[PDB]
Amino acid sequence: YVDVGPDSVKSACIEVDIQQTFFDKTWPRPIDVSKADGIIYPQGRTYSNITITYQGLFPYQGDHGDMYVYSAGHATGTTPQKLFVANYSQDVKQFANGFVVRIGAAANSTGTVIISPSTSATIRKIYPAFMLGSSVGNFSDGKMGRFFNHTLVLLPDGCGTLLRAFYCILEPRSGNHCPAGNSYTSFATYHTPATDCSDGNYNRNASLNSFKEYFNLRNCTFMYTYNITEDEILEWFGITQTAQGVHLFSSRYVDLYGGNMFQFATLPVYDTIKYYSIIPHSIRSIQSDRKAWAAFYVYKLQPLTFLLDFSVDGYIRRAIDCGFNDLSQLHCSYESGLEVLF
């Protein structure tokens, strides 16, 4: 097992204010595969200057997915207070074939800082966090969302300049507001920009430290880190699992400006992932310097046959969900003539 640093010495957990109605929004970003939304590139091949049909894992055309948003926490002036989160931890979902994620799509536009609904700001990309595992249950106080045995956690850190991936047993700590203590509402992560995101030295452990206040990590088989540099370019992230382990996908390395998803990591996770949840994050900003953080959208993958159109340089710029309707199915027919198919 790997060392992930000592246990948190913090006596209690930061209090967490759950107010789902403040996170109920109508911000639709449905899958449009004609724009190659949510496309994992064929994993074992490359294609170029050609139109094919291909059996892969894809989201449904038009699927709205599940929207998630992170918010600045409570504050009075320069003093951050309670965290402010949605009810995501108690909403455990089926992993099935995995999923893909639209990240940062609203960045640069104007949005709300959520905690103060009428306060507006320029929207900034924020990365999502996930808890995934084999079996789930309830915390001591009866709340849902506890992952048992070894659990995969994907957690951004360093103010969005790294993604952490680790596989540990999560032992809920017993302090005040912790998942095995009094007055528990939800776990969450946080960072504090005034001390964690100073220009010179970002705190690359701030989010992990916050997580370790809610859970003690035990018998970690791995702790991986992947560097990210700062920009506001939207991205796609995907995850699947085969016998080879858990596969992480991103557009950042290979198709930063186009969105196609390519594998960048394979995690030694061989117990079947059956469940996942979204880990709420709350930013401990001062009241006067709150930001608007772009919602991300999660879409489940399904075994589907897609038409895939590859540009000359080899990237997918157009797709069709063959099974979406009869007209779409004709595009994927080698006899119809609506497309020139290989």
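Throughout, we count residues from 1 along the sequence that is shown.
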Next item on the list: Averaging only over Cα atoms, indicate whether 253 to 261 or 222 to 230 has the higher B-factor in the PDB entry.
Entry: 222 to 230
Next item on the list: Could you settle it for me: does 24 to 32 or 60 to 68 have the higher average Cα B factor in the PDB entry?
Entry: 24 to 32
Notebook entry, point to check: Of the options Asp157, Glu213, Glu171, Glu235, which has the highest CA B factor as deposited?
Noted result: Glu171
Next item on the list: Can you pull the Cα B-factors for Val9, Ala319, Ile14, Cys322 from the entry and say which is highest?
Entry: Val9
Next item on the list: Grab the CA temperature factor for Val4 from the record and place it in the lowest, middle or highest third of its chain.
Entry: highest
Margin query: Is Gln19 in the lowest, middle or highest third of its chain when residues are ranked by C-alpha B-factor?
Written below: highest
Next item on the list: Tell me, lowest, middle or highest third: where does the Cα B factor of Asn209 rank within its chain?
Entry: middle
Checklist line | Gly175 - which third its CA temperature factor falls in, relative to the rest of the chain | finding: highest
Notebook entry, point to check: Of the three thirds of its chain by CA temperature factor, lowest, middle or highest, which one includes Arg102?
Noted result: lowest
